[PDB]
Structures are given as structure tokens and as C-alpha cells.
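Working notes, structure below.
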Amino acid sequence: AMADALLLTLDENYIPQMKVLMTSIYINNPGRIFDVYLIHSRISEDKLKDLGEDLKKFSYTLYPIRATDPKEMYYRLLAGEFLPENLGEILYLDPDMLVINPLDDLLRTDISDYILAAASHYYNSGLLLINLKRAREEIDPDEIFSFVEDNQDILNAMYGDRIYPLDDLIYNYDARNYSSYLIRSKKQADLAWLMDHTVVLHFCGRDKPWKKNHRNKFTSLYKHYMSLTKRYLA
Amino acid sequence: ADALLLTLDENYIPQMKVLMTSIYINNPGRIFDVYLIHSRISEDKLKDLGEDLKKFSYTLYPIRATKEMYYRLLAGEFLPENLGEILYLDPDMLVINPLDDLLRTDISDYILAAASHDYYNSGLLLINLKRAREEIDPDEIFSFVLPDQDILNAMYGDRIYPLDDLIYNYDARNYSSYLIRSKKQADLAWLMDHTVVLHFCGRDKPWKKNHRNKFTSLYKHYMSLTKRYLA
């Protein structure tokens, strides 16, 4: 293992956002190499070729895996069934995120005794550091389908006692909620502190920063990474 | 390579490193010679700064003037005679797009290029040192002497190639006025695709605690990047 592994589960409408995410990872983790596994259902071979050629500019390697026949929900949870059997660990990321600090601390988290690590907002499923050795033995597919057929809620309800808790302020910061975090941190978590400590910004909900009317403290930053992405992956 | 000029003392070095980091990220693969006119930064700080710049493959060339409003106007006097052109930048700036188009501007016929608004700001100057050396007498400037952008406009307005401030000297305090003045074309999406230089003018500086506008997160992110890239 000379490359850390990343997992994304999306289809082609989120590719633009995935490229911004990749660019933010590259700028904030200089010299690190990633293998990027992409579970998808319908992305064309030409688009995957394009995306692969782009990632290679950062010395990242794309490993597309086509699922067959809430689609994306399942891919994440059943990652251990799609990924190679000799991979021990992988970092799942939602595409509507921006990495703004090095991932080294996260990637060195000792999760040897857990299924995964996730941030609590219950756990959010937008970032998951997955121990695949344990997911393959503990997470059984039909078990998951039984649960969904009767009813992430799956993640919390079935595997809540097997999760290593991460701080959302650092690893899954809900970019809508600057004030709540500021108040809850006793005013410690202002922009200066966030830019030094927060690793992952998550643009949750309908108000996405690639759209025309986005307006908060983080909009300029996200639009700047959008420009960086167009220039770096030209 | 291309040449950059800064004129500052010790206390502005941290901002200069942030500017250099922004140039590095937004101009990948480009190399610069970086000239620094200063009154008395210590040898140890100059050594530290030169070592840091080498991490970007920039080369630092300190020049001790044996204050700073003059230095930029009399750059012809301080800089080597074999240098024909240089880009002067204030350290309270951030470069957020490639400098290529600026650096290729043909200013053969002018003393310098500067951004207007027909008043000129002297925080960014692309200087034709050949003509500056022919046409700028220190004697004239000294007797002549409001900021120093008064000297620039008074004495040389005719010999200036105009740049658009929206692209090359964007007053970061004034998002809304630019937005109104551009008929709502210059929103953040547009700025991030076209603006090259953000200028954090006035006393509310983005490295201070209470800075609060649309650009704060961006500048603070470059501060964090600078500390990591130059560690």
C-alpha cells in the first residue's frame, strides 16, 4: 500500500463535483497518491476514460466498478462486496464536499477494532473510513435488505455500536451551519480556526455552492476551487 | 524568468509569504525572481525567507535601501540595469488566477501599466524599467512632495497603460459596488473565473481576527496553506 484508497458512489451528474473534490484533495495533500474506486450504475465508458485521464494528472488512478441491476445508499454499505478482497481500508466521500486540510490524521486513525469511523451531526454517512476486513465479515447483504424492506438510518440502527466516532466540526462540517458550530464551540470555531483545523466541508441539502444563488461564508472558497479545477484539469 | 518586486519591512513578511503561496498555486510550473527592497530586515530573516521561497523554486533578491512609497516609484534606481521589466505587488494582495496575460502585456510605449478607478492605484504596477529609467527623475519626485498614488497620478497619468481594476486590482472591500457597477455580472462565480488580483485595502485586513466579508474564508484558507506549504 503506497496509495490510500478513496471510494465514491455516484453517477455522471455528480462528476463535476467529484473533480472539484479531487482537486481540493490534491492541493491540500501535496505528494500523496490516491487510488479512487468509483461504484456507478450507468456512467459511459467514454466519460470514465475522460475522468481517468483527468485524475492521472494528479497521479491518482481511477478504478471504476459498474454495479448491476436509493441506488447509491446500497453501494456504500455493501462496499466490501464490490471492492477487491485484498484491500483493507477505504475512505468513502460524498461528492458535494471540499477537503481543505491534510487527510493524514484521519487516514492514521486506528479503526482496527471497528467496522468504520463516521462523524456524528446519530452518525452522518457522507464520510466513512471503512475497515473492509471487518465490513466483509460483519455486514451481510440480505441482512441489510431485510432491514430496508421493513423500515443513514441503516448505519445507525444496525451498526451504531461498531462505529468509531469522528468530530463533525473537523470531518463533516455542515457548511450551512456556521453559527451553530460557532455558538456550540463557545466562539472558538470562527473562520480562522476552521481554516486551520477543519478537514472536510460538506455542502449538505438543496443549497449547493455550484449554483447561482449560494451565499454564505464559504461560497468564495468553493467557487475558487471550481476555477482551480477547470485550470488544473484543463 | 519573470521578475516580481516587493517593498516592505519585517512586519509584512507573513503577508508576503501568503501572496507568494497564492501565486504558486495559481501559476503552476512558473518560476519567478523576487526582488525585495527593504530598509533593514535582518540577515537571518532574509535567509529564512529565501529558503522558504526556494520551496516554490522562486529566487529571493534582497536589496537594502541604505520610506516604501518612494521605493516603488524609484524602482529604476534600485534594481539592476540589465532588468527590463518587473511586476510590483503590495503584500496585502492575493493572486487567484494565472498571471500569464498580464505578464505578456506589451508596454513598450509606456512607463508602466496600472489599474484605474480616471484615478490609478499603485498597488499593482507592471513597470517598463527601460522607460522608467529614462523618464523618472528622483529630483523631480522629491521636490514635488494625500497617499503616494497622488505622485503616480500627478506626474505620469499620460504614460500609463490602463488595466481594469475588476481583474488586476480588485478592491476586496467593495464587492457590492463592483456588482452594481458591472450590472450584476461580477458575482462570485464570475470573479473566480476572471479576476486575477484581490487587494485587501484599508485598515480591515483579512489576517486580523475580526475580518468579515465574502472573501474572508478564501484568504484565511491561503494563510493555512502558506503555513503548510512552507513548514
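Chain naming here is simple, since letters A, B, ... match the order of the sequence lines and numbering starts at 1 in each. Hydrogens, waters and symmetry mates play no part in the numbers below; they use all other heavy atoms, side chains included.
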**Study point:** A:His224: which of B:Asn26, B:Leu94, B:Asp193 passes side-chain contact (heavy atoms from CB on, under 4.5 Å)
**Key:** B:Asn26

**Study point:** Atom group of A:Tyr225 that falls short of 4.5 Å from chain B, counting heavy atoms
**Key:** side chain

Review point. Any chance NZ of A:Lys57 has more than 12 other-residue heavy atoms, nucleotides or ligands included, within less than 6.0 Å?
Key: yes

Exercise for review: Identify which of B:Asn97, B:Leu225, B:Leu218 forms the greatest number of heavy-atom pairs closer than 4.5 Å to chain A.
Suggested key: B:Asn97

**Study point:** Enclosure of B:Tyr161 OH (heavy-atom neighbours >12, cutoff 6.0 Å)
**Key:** no

Check your understanding: Under a 4.0 Å N-O cut-off, is there an ion pair linking B:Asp187 with A:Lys223?
Key -> no

Revision key, fill the gap. Distance col, row B:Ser224:OG vs A:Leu194:CG, nearest 0.5 angstrom, shows 11.0 Å

Practice item. Can you see which heavy atom on A:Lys217 is nearest to which on B:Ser217, and at what distance? Key: O-OG, 2.7 Å

Check your understanding: chain A heavy atoms under 4.5 Å from B:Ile96: which part of the residue, side chain, backbone, both or neither?
Key -> both

Practice item. Might you confirm whether atom NE2 of B:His117 has over 12 heavy atoms from other residues, nucleotides or ligands at distances under 6.0 Å? Key: no

Study note, to complete from the structure: Bottom line for B:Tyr229: the part with an atom under 4.5 Å from chain A's heavy atoms is side chain

Check your understanding: Between A:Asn216 and chain B, which part of the residue has a heavy atom less than 4.5 Å away: side chain, backbone, both or neither?
Key -> neither

Practice item. Between chain B and each of A:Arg215, A:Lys212, A:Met226, count heavy-atom pairs under 4.5 Å; write down the option with the most. Key: A:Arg215

Review point. Any salt bridge (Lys or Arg N to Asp or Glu O under 4.0 Å) pairs touching residues 197-208 of chain B, not counting sequence neighbours?
Key: B:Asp92-B:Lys205

